[PDB]
> 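Sharing a structure below in structure tokens format, with a few things to ask.
Here is how names work: the chains are called A, B, and so on, in the same order as the sequence lines, proteins then strands, and each is numbered from 1.
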Amino acid sequence: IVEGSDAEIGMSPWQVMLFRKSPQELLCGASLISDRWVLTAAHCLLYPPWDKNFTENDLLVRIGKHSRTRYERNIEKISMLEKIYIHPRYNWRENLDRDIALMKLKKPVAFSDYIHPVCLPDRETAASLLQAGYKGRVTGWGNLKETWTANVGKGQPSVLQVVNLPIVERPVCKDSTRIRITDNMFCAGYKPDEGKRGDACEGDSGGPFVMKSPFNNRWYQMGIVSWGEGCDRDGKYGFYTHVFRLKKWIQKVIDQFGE
Amino acid sequence: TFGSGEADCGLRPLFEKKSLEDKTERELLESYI
DNA sequence: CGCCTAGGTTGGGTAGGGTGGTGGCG
Ligand SMILES: *[C@@H]1O[C@H](CO)[C@@H](O[C@@H]2O[C@H](CO)[C@@H](O[C@@H]3O[C@H](CO[C@H]4O[C@H](CO)[C@@H](O)[C@H](O)[C@@H]4O[C@@H]4O[C@H](CO)[C@@H](O[C@@H]5O[C@H](CO[C@]6(C(=O)O)C[C@H](O)[C@@H](NC(C)=O)[C@H]([C@H](O)[C@H](O)CO)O6)[C@H](O)[C@H](O)[C@H]5O)[C@H](O)[C@H]4NC(C)=O)[C@@H](O)[C@H](O[C@H]4O[C@H](CO)[C@@H](O)[C@H](O)[C@@H]4O)[C@@H]3O)[C@H](O)[C@H]2NC(C)=O)[C@H](O)[C@H]1NC(C)=O
Ligand SMILES: *C[C@@](*)(O)[C@H](CCCNC(N)=[NH2+])NC(=O)[C@@H]1CCCN1C(=O)[C@H](N)Cc1ccccc1
Ligand SMILES: [K+]
Ligand code: NA
């Protein structure tokens, strides 16, 4: 998260950390949608052009965290994965279209003050909340800057970061980049003239872009950190997987079996 | 199967449930106006 | 007892904390 700020305890209880077993490294963010389902980005698990292709046993997921590196005794909860489901039409060859994946835990997790699921949107939630100018919130333990080049400051936060950002008009998103945009994507962030700052960055992928319904007071996950070009650059906007456009697949998978 | 959690989704134990506002949600709400 | 900074699947923020039990020093 670039230009964000430390999260408050239990502010994003649906936040999940995708962690590699060996070597032990934080791979991505993810989100809790029930006691046994977690949502993340597909490229976090599968990205051939970079030799990436994990399987259930390679990973573990960590829920209820705040601190990036400490093991938070009696608070966090670690769960293995029973199954991984990458969207079947996830386009890793070109533009990360449908950059989404579902991960089923082996054993259902118990909720707590720090562990609680976010709601998935439906047609009305999307129509009412996904509009240019409305703001959503992104969270992650990703980079505080573009670490692939010399820059001042720390690379990783020590605590979960949070930043609020406005959704941007689709034509703007489109003209901001040469990568092909699809309806399964939306972009967000401040425009140069708005003088404000913020964006997601590497290591944040899979993390949720949530919005609060002013109508029922609940938090809905509208997007998933997918990609970008640099971090927090002027004229650039972070890109997010459009969750509601992929809702049919999601529900098809989650409700498929009686287990 | 979905499992537990749908009914109570999106309501945080340390915030909505205790009628407390995080420090920045206000900014969100105001963006809808 | 009041300080100080610390392993562990883990920092030092302090010996609780959003968590359990646990020093060494003056
Ligand atoms: C990223 O990395 C991953 C991880 O490595 C890599 O995965 C590899 O992908 C390769 C594709 O290029 C693939 O190759 C195959 O391998 C075949 C043999 O492997 C299978 O069997 C061995 C041991 O027998 C296992 O170790 C393997 O895991 C693999 O198991 C199969 O896995 C598939 C996909 O998950 C299963 O399909 C699913 O099946 C579901 C239903 O499951 C049951 C069921 O009905 O309940 C389970 C039952 O046990 C089973 N019954 C029996 C009697 O076995 C039935 C039954 O198969 C079917 O019902 C009848 O069709 O299935 C659902 O249907 C679900 O929708 C479906 O997706 C599959 O069931 C499972 N099989 C078994 C028996 O368990 C080779 O045979 C295969 O050969 C093919 O090509 C050859 C030509 O070159 C040709 O000779 C041959 O005839 C075939 O056409 C080919 O080599 C690898 O298997 C796979 N490796 C691993 C470890 O998974 C990714 O590709 C990589 N991705 C990228 C993008 O880089
Ligand atoms: C995997 C995620 O951590 C990461 C999120 C980046 C978010 N960035 C901003 N500014 N909000 N995604 C990536 O790193 C993806 C995966 C592969 C390359 N990539 C990029 O975002 C590239 N920088 C651009 C890109 C290349 C190919 C296809 C799509 C995008
Ligand atoms: K301790
Ligand atoms: Na920008």
Side-chain angles (χ1 to χ4, degrees), chain A residues 1 4-36 38 40 44-45 54-82 84 103-119 137-145 147 153-164 203-204 206-208 210 212 217-219 221, chain B residues 4-5 8-26 28:
Chain A
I1 305 300
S5 53
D6 303 0
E8 307 176 41
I9 300 304
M11 159 189 262
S12 179
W14 32 81
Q15 197 78 31
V16 175
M17 187 182 300
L18 182 59
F19 206 79
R20 185 179 197 168
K21 282 174 173 168
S22 181
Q24 292 196 12
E25 53 177 347
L26 175 163
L27 297 174
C28 277
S31 66
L32 188 67
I33 59 182
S34 77
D35 62 359
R36 73 199 58 189
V38 176
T40 191
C44 288
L45 305 169
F54 298 108
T55 70
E56 295 78 351
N57 288 5
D58 299 338
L59 313 160
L60 64 72
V61 86
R62 298 174 67 184
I63 319 174
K65 298 190 58 49
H66 185 243
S67 173
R68 182 176 56 90
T69 61
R70 292 188 41 232
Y71 169 85
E72 285 155 317
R73 191 180 198 90
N74 293 142
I75 300 176
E76 81 174 70
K77 162 64 179 182
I78 296 173
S79 306
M80 293 179 285
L81 306 181
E82 183 70 4
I84 278 176
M103 295 178 303
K104 187 179 182 178
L105 306 186
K106 283 191 176 177
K107 194 64 184 177
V109 65
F111 304 144
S112 77
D113 286 6
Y114 313 98
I115 300 179
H116 195 94
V118 69
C119 298
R137 168 182 297 173
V138 196
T139 46
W141 292 276
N143 300 345
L144 300 177
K145 58 172 181 174
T147 64
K154 293 182 62 185
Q156 291 69 53
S158 58
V159 150
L160 179 60
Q161 299 292 288
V162 53
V163 65
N164 300 323
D204 288 320
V210 302
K212 181 160 199 173
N217 210 38
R218 294 174 181 263
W219 289 98
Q221 178 174 356
Chain B
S4 295
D8 207 27
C9 71
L11 297 168
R12 304 172 290 181
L14 303 178
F15 294 88
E16 289 73 23
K17 298 291 189 174
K18 302 165 78 73
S19 308
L20 302 169
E21 292 197 356
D22 67 54
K23 301 181 199 302
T24 56
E25 43 179 303
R26 180 54 54 187
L28 299 176

> Within this structure, what is the CG-to-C1' distance between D6(A) and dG13(C), rounded to whole angstrom?
12 Å
> Roughly how far apart, to the nearest Å, are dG16(C) and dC4(C) at atom P?
15 Å
> Identify whether the distance between the nearest side-chain nitrogen and carboxylate oxygen of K104(A) and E56(A) falls below 4.0 Å.
no
> Can you find a donor-acceptor N/O pair under 3.5 angstrom joining the side chain of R70(A) to the base of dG8(C)?
no
> In whole angstrom, give me the gap between the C1' atoms of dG8(C) and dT19(C).
13 Å
> Roughly how many Å is it from CD in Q15(A) to P in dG18(C), rounded to a whole number?
20 Å
> With rounding to the closest Å, how many angstrom separate the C1' atoms on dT5(C) and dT10(C)?
15 Å
> To the closest 0.5 Å, what do you measure between CD (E72(A)) and CD1 (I63(A))?
13.0 Å
> Determine the contact category for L14(B): base if any of its heavy atoms lies under 4.0 Å from a base atom, sugar-phosphate if only primed atoms, P, OP1 or OP2 are that close, otherwise nothing.
nothing
> Classify the glycosidic conformation of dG12(C) as syn or anti, calling it syn when the angle lies within 90° of 0.
anti
> In whole angstrom, give the distance that lies between atom NZ of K77(A) and atom P of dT9(C).
18 Å
> Locate the shortest heavy-atom distance separating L144(A) from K154(A); write the atom from each residue and the value.
CB-O, 3.6 Å
> With rounding to whole Å, what would you report as the distance between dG21(C) and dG7(C) at their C1' atoms?
12 Å
> Which base, if any, makes a Watson-Crick or G-U wobble pair with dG17(C), both distances under 3.5 Å?
none
> Examine distances only and state if a side-chain atom of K65(A) and a backbone atom of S67(A) form a donor-acceptor pair shorter than 3.5 Å.
yes
> From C1'-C2'-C3'-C4' alone, north or south for the sugar of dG17(C)?
south
> Output, in order, the C-alpha distance, side-chain angles, deciding distance and verdict of side-chain hydrogen bond (donor to acceptor under 3.5 Å, both in side chains) for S79(A) and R36(A).
CA-CA 10 Å; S79(A) 306; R36(A) 73 199 58 189; over 6 Å; no
> What I want to check is whether an N or O donor and acceptor connect the side chain of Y71(A) with the base of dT9(C) at under 3.5 Å.
yes
> If the glycosidic angle is within 90 degrees of 0 it's syn, otherwise anti, so just tell me which one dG7(C) is.
syn
> Can you check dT19(C) for me, syn or anti if syn means within 90° of 0?
anti
> Between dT14(C) and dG2(C), how far apart are the two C1' atoms, rounded to whole Å?
13 Å
> Between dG12(C) and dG11(C), is the stacking condition met, i.e. ring centres under 5.5 Å and planes under 30 degrees?
yes
> Got a donor-acceptor pair under 3.5 Å from the side chain of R73(A) to the base of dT19(C)?
no
> When you compare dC25(C) with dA6(C), how far apart are their P atoms, in angstrom units rounded to a whole number?
14 Å
> For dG24(C) versus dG18(C), give the span between their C1' atoms, rounded off to a whole number of Å.
27 Å
> Do side-chain atoms of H116(A) reach the backbone of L11(B) as a donor and acceptor pair under 3.5 angstrom?
yes
> Expressed in whole Å, how much space separates the P atoms belonging to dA15(C) and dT9(C)?
23 Å
> So that I can tick it off, tell me whether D22(B) and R12(B) are bridged by a salt bridge, with the cut-off set at under 4.0 angstrom between side-chain N and carboxylate O.
yes
> Using the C1'-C2'-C3'-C4' torsion, which pucker class fits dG8(C): north or south?
south
> Between atom CZ in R62(A) and atom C1' in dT10(C), what is the gap in whole Å?
9 Å
> Starting at the 5' end of DNA chain C and moving along, which residue's nearest nucleotide shows up first, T69(A) or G64(A)?
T69(A)
> Rounded to the nearest Å, what distance is computed from the CD1 atom of residue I63(A) to the P atom of nucleotide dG18(C)?
22 Å
> Return the nucleotide paired to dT5(C): Watson-Crick means purine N1 to pyrimidine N3 with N6-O4 or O6-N4, wobble means G-U with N1-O2 and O6-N3, both under 3.5 Å.
none
> Using a cut-off of 4.0 Å on non-hydrogen atoms, how would the nucleic acid contact of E72(A) be classed: base, sugar-phosphate, or nothing?
base
> In whole angstrom, give the distance that lies between atom CD1 of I115(A) and atom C1' of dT19(C).
13 Å
> Quick one: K65(A) NZ to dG17(C) P, roughly how many Å, whole number?
19 Å
> Provide, to the nearest angstrom, the distance between the NE2 atom belonging to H66(A) and the P atom belonging to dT19(C).
13 Å
